[PDB]
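Below: one structure, written as structure tokens.
Number of protein chains: 2
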Amino acid sequence: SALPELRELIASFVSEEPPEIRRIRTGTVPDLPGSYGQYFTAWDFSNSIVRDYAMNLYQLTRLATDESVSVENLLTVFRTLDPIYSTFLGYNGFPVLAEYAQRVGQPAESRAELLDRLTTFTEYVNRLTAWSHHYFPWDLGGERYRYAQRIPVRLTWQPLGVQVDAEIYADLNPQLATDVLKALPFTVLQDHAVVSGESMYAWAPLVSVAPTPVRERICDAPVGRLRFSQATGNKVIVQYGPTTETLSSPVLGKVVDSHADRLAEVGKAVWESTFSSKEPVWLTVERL
Amino acid sequence: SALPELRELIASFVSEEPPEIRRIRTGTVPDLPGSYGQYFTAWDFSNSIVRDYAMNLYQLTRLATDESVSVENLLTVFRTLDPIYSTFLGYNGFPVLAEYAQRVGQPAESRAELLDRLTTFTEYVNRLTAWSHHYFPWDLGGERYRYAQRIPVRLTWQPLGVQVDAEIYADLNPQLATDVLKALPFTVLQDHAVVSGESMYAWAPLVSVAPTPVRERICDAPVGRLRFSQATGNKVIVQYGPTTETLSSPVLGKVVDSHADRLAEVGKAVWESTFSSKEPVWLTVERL
Ligand SMILES: N[C@@H](Cc1c[nH]c2ccccc12)C(=O)O
Ligand SMILES: N[C@@H](Cc1c[nH]c2ccccc12)C(=O)O
Numbered sequence: 002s003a004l005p006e007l008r009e010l011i012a013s014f015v016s017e018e019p020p021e022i023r024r025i026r027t028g029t030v031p032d033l034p035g036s037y038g039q040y041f042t043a044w045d046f047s048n049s050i051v052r053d054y055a056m057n058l059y060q061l062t063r064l065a066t067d068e069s070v071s072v073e074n075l076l077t078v079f080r081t082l083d084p085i086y087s088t089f090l091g092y093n094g095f096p097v098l099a100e101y102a103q104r105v106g107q108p109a110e111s112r113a114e115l116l117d118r119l120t121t122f123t124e125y126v127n128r129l130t131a132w133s134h135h136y137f138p139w140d141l142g143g144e145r146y147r148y149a178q179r180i181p182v183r184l185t186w187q188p189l190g191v192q193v194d195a196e197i198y199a200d201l202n203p204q205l206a207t208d209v210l211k212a213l214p215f216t217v218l219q220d221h222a223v224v225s226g227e228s229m230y231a232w233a234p235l236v237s238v239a240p241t242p243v244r245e246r247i248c249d250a251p252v253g254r255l256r257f258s259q260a261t262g263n264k265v266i267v268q269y270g271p272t273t274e275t276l277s278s279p280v281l282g283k284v285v286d287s288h289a290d291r292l293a294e295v296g297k298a299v300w301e302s303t304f305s306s307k308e309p310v311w312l313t314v315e316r317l
Numbered sequence: 002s003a004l005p006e007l008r009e010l011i012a013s014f015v016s017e018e019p020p021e022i023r024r025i026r027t028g029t030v031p032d033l034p035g036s037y038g039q040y041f042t043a044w045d046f047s048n049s050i051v052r053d054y055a056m057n058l059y060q061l062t063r064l065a066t067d068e069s070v071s072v073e074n075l076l077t078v079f080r081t082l083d084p085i086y087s088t089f090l091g092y093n094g095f096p097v098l099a100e101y102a103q104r105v106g107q108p109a110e111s112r113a114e115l116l117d118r119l120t121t122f123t124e125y126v127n128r129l130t131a132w133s134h135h136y137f138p139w140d141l142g143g144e145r146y147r148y149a178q179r180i181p182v183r184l185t186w187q188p189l190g191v192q193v194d195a196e197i198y199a200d201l202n203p204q205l206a207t208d209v210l211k212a213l214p215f216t217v218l219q220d221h222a223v224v225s226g227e228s229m230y231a232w233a234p235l236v237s238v239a240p241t242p243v244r245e246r247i248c249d250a251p252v253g254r255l256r257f258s259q260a261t262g263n264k265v266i267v268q269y270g271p272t273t274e275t276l277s278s279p280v281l282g283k284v285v286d287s288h289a290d291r292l293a294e295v296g297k298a299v300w301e302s303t304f305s306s307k308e309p310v311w312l313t314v315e316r317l
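Going down the list, the sequences are from chains B and A.
Under PDB author numbering, the residues of the first sequence are numbered 2 to 149, 178 to 317, in order.
Under PDB author numbering, the residues of the second sequence are numbered 2 to 149, 178 to 317, in order.
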């Protein structure tokens with residue numbers, strides 16, 4: 002692996018909160034970011050920029066697989082787009098992120114080396130984004146801003190104790206389905222969508238660059254739909270109710286019909302976790 | 002002009018709030034984004050994603066000036082990075098933004114045409130970011146998250190009624206100085222920094238891709254220092270007190286020493302505007 006220390010940090014942070022996330026959410030970042038004795042605004046920037054930085058990194062990873070763009074042009078693109086993000090994040094509570102971002106932009110021997118760096122770095126920043134999303138106070142605007178070929182797998186949420194059986198559609202997005210199946214089993218933090226609607230997503234431990242030709246409109250997905258979003262952090266997404274987002278999502282599978290009614294209880298508890306209580310909910314996906 | 006309607010919107014939004022920002026900050030976006038009867042989370046996503054999208058667009062504009070990357074590769078880079086940002090923004094309150102993002106990605110007959118599209122589109126998104134930053138509720142975490178040659182110009186703030194004299198350093202970053210000087214006079218909204226400390230910035234009506242070799246550490250800048258950040262929105266930055274951001278910022282000029290004592294009351298009043306009251310403070314920059 003190109004960045005072996007990040008690999009150790011990736012394996013560690015699947016179950017442990019990164020120390021930089023804890024410092025940001027408690028206002029203990031050195032040099033004290035934030036204007037006039039508060040740390041919410043810096044917290045707001047830390048959470049959003051690391052998320053959008055991860056989106057940039059994944060698209061740069063995709064570009065590294067595009068053979069029409071030379072390695073020299075790839076590095077030029079990275080060296081232009083990266084610094085404004087990574088230098089701010091290093092000052093705003095992510096020194097190790099900034100350290101490795103500038104390491105990714107070092108001269109590269111080949112396309113494979115650069116793709117290796119970008120794939121590992123993206124998964125690392127994806128995990129920091131995963132924890133930042135879980136702890137960000139999404140309820141802070143509450144009250145004040147209110148409206149008026179079928180591979181069987183098992184999904185378990187703890188400490189809820191809810192289990193559902195599901196099927197991975199291995200013949201729709203075959204490369205994507207194989208990428209998810211090879212990561213099994215894994216246990217990651219389960220969090221709720223904060224804009225979309227009644228859906229949950231969990232940052233899975235992989236970076237898939239597979240094509241996603243088979244998609245469906247998010248606001249048209251059935252209850253129990255398993256979809257996968259590479260662009261927003263390589264997340265396993267479980268739809269449990271009506272949604273709103275109009276973008277289409279790659280189809281991964283579906284919870285079995287005899288277990289789809291079990292998802293309402295999970296979505297409610299996971300919503301309370303992400304929105305208010307921050308009590309962790311752990312999703313385990315395993316091969317049947 | 003490649004995108005003449007954006008030029009008209011750019012001219013209008015210098016003094017008028019874009020309807021997109023008005024609907025986002027009042028929870029009147031037609032798609033009703035946000036989970037469980039609130040629109041703060043969608044508001045939080047709208048403000049930050051449009052800001053970081055603008056940062057991406059500027060670095061893509063700079064990439065359009067790099068003739069080591071072919072026009073074909075530039076479009077490939079744009080078509081890879083852009084959709085995940087623009088399609089979400091089109092659903093989360095910026096339909097016209099997503100529309101012209103697809104315009105920019107269309108086949109281009111020349112580098113000059115594509116650079117024209119990116120320069121115009123970047124300024125348009127920069128102004129959306131400007132108004133979004135002004136109206137975002139930065140004080141929401143206020144109580145719950147707290148710690149424990179020389180070209181003479183005049184800067185006027187209204188309706189505060191305070192004027193200062195300054196000098197633009199035309200020999201340090203020369204092309205940057207001419208870019209700003211060619212945009213004078215302009216009157217734009219004056220807002221406060223929300224992370225770095227006691228400085229204020231205003232989105233100026235230009236997109237400069239000039240080199241900025243002469244820089245100064247932000248946390249080391251003097252009182253009255255005029256800085257210019259191309260990468261964070263082509264903003265004229267007035268430092269009136271201590272700061273904490275460790276990055277280096279391009280040096281544009283400085284307020285005259287005899288008028289530097291007036292900046293303290295402007296900064297405090299601009300802080301109240303950005304952080305709490307949202308009463309507009311208008312900055313006018315003109316040559317002497
Ligand atoms: N809908 C997701 C966020 C999201 C989906 N697609 C995106 C694309 C870009 C940025 C954010 C998103 C949520 O509610 O959390
Ligand atoms: N200092 C700015 C924020 C900022 C500075 N540099 C940046 C780079 C990227 C993103 C944000 C920033 C503020 O407090 O408002």
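C-beta: ideal position from N, C-alpha, C; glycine also.
{"query": "C-alpha distance - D117/B paired with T303/A, whole-angstrom precision", "result": "43 Å"}
{"query": "beta-carbon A206/B near ligand 2 non-hydrogen atom, thresh 6 Å", "result": "no"}
{"query": "Distance, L235/B Cα to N263/B Cα", "result": "7 Å"}
{"query": "Proximity test, Cβ basis, 7 Å: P271/B and chain A", "result": "no"}
{"query": "Residues near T123/B by beta carbon distance below 6 Å, same chain, minus five either side", "result": "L58, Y59, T62 and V236"}
{"query": "Burial state of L82/A, where buried means 16 or more other Cβ atoms lie within 10 Å", "result": "buried"}
{"query": "Chain B within 7 Å of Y40/A, Cβ atoms only", "result": "yes"}
{"query": "Residues in the region 215-247 of chain B having any Cβ partner in chain A nearer than 9 Å", "result": "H221, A222, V223, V224, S225, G226, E227 and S228"}
{"query": "Partners in chain B for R147/A, counting only beta-carbon separations shorter than 8 Å", "result": "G28, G38, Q39 and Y40"}
{"query": "Chain B residues whose Cβ lies nearer than 9 Å to that of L90/A", "result": "Going along chain B, no residue has its Cβ under 9 Å from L90/A, so there is no contact; the nearest lies around 11 Å."}
{"query": "Which listed residue (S277/B, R316/B, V284/B and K283/B) has its alpha carbon closest to that of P84/A", "result": "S277/B"}
{"query": "7 Å Cβ cutoff met for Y92/A and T275/B", "result": "yes"}
{"query": "beta-carbon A222/A near ligand 2 non-hydrogen atom, thresh 6 Å", "result": "yes"}
{"query": "Contact set between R63/A and chain B, taken where Cβ atoms lie within less than 7 Å", "result": "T81"}
{"query": "Where the alpha helix (DSSP H) containing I25/B begins and where it ends", "result": "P20 to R26"}
{"query": "Ligand 2 heavy atom lying under 6 Å from the CB of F304/A", "result": "no"}
{"query": "Sequence-distant residues of the same chain with beta carbon closer than 7 Å to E6/B, five excluded per side", "result": "none"}
{"query": "Chain B within 7 Å of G94/A, Cβ atoms only", "result": "no"}
{"query": "Closer than 6 Å: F89/A CB and nearest ligand 1 heavy atom", "result": "yes"}
{"query": "Burial state of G226/B, where buried means 16 or more other Cβ atoms lie within 10 Å", "result": "buried"}
{"query": "Proximity of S228/B and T272/B at Cβ, strictly below 7 Å", "result": "yes"}
{"query": "Interface partners of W139/A on chain B, CB under 7 Å", "result": "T42"}
{"query": "Sheet register partners of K283/B (DSSP bridge)", "result": "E196/B and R254/B"}
{"query": "Buried or exposed by the 16-neighbour rule on C-beta atoms within 10 Å, applied to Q268/B", "result": "buried"}
{"query": "DSSP-derived helix/strand/coil call for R179/B", "result": "strand"}
{"query": "Residues that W186/A contacts on chain B, provided the C-beta gap is smaller than 9 Å", "result": "Those do not exist, as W186/A stays about 19 Å from chain B at its closest Cβ, beyond 9 Å."}
{"query": "Option nearest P214/B by Cα separation, candidates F257/B, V182/B, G143/B and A195/B", "result": "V182/B"}
{"query": "Expected contact under 8 Å - CB spacing of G282/A and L255/A to nearest Å", "result": "4 Å"}
{"query": "With 16 other Cβ atoms within 10 Å as the buried cut-off, status of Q178/B", "result": "exposed"}
{"query": "Contact the region 204-220 of chain A vs the region 64-84 of chain B: 3+ CB pairs below 8 Å", "result": "no"}
{"query": "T185/A Cβ short of 6 Å to ligand 2 heavy atom set", "result": "no"}
{"query": "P96/B in three-state terms, based on DSSP", "result": "helix"}
{"query": "Cβ distance (whole Å) where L184/B is taken to contact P309/B below 8 Å", "result": "About 16 Å separates the two Cβ atoms, so there is no contact after all."}
{"query": "8 Å Cβ cut-off: residues of chain B touching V78/A", "result": "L64, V70 and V78"}
{"query": "Reduced DSSP category for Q103/B - H, G, I as helix; E, B as strand; rest coil", "result": "helix"}
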